[PDB]
Amino acid sequence: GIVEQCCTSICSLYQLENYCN
Amino acid sequence: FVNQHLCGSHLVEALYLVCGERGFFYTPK
């Protein structure tokens, strides 16, 4: 989920946008 | 601001700015 992709690894705009509605 | 480790309120901040009026969901667990 977002914590694994953005907190315990380096986040990215591409991944952040996976969590916009 | 998005290309680093982002946790907690720092991650929510980033979602808020990127997603804008679309909104977002924050599901950490």
# chains A, B, ... in the order shown; residues from 1 in each chain; ligands from 1
>>> closest_atom_pairs(of="chain A", to="chain B", cutoff="6 Å", atoms="only C-alpha atoms", output="Markdown table")
| residue | atom | partner | partner_atom | distance |
| --- | --- | --- | --- | --- |
| A:3 | CA | B:28 | CA | 5.7 |
| A:6 | CA | B:6 | CA | 5.7 |
| A:7 | CA | B:6 | CA | 4.7 |
| A:10 | CA | B:5 | CA | 4.7 |
| A:11 | CA | B:3 | CA | 5.3 |
| A:12 | CA | B:3 | CA | 5.2 |
| A:19 | CA | B:24 | CA | 5.5 |
| A:20 | CA | B:24 | CA | 4.0 |
| A:21 | CA | B:24 | CA | 5.1 |
>>> write_last_selection(atoms="C-alpha atoms", output="PDB file, in the first residue's frame")
ATOM      1  CA  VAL A   3       3.201   3.242   3.250  1.00  0.00           C
ATOM      2  CA  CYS A   6       6.111   6.077  -0.184  1.00  0.00           C
ATOM      3  CA  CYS A   7       7.262   5.877   3.440  1.00  0.00           C
ATOM      4  CA  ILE A  10      10.957   6.566  -1.931  1.00  0.00           C
ATOM      5  CA  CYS A  11       7.662   8.007  -3.068  1.00  0.00           C
ATOM      6  CA  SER A  12       6.886   9.169  -6.601  1.00  0.00           C
ATOM      7  CA  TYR A  19      -4.412   7.255  -4.417  1.00  0.00           C
ATOM      8  CA  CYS A  20      -6.313  10.229  -5.799  1.00  0.00           C
ATOM      9  CA  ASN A  21      -9.978   9.641  -6.464  1.00  0.00           C
TER      10      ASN A  21
END
>>> select_by_dssp(residues="chain A", states="helix (DSSP H, G or I)", output="PyMOL selection string")
chain A and resi 2-6+13-17
>>> write_last_selection(atoms="C-alpha atoms", output="JSON list (two decimals), in the first residue's frame")
[["chain", "number", "residue", "atom", "x", "y", "z"],
["A", 2, "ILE", "CA", 1.01, 3.63, 0.16],
["A", 3, "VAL", "CA", 3.20, 3.24, 3.25],
["A", 4, "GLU", "CA", 5.36, 0.59, 1.60],
["A", 5, "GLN", "CA", 5.68, 2.57, -1.60],
["A", 6, "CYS", "CA", 6.11, 6.08, -0.18],
["A", 13, "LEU", "CA", 4.24, 11.28, -8.27],
["A", 14, "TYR", "CA", 3.13, 8.29, -10.27],
["A", 15, "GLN", "CA", 2.46, 6.30, -7.12],
["A", 16, "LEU", "CA", 0.87, 9.17, -5.22],
["A", 17, "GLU", "CA", -1.65, 9.63, -8.01]]
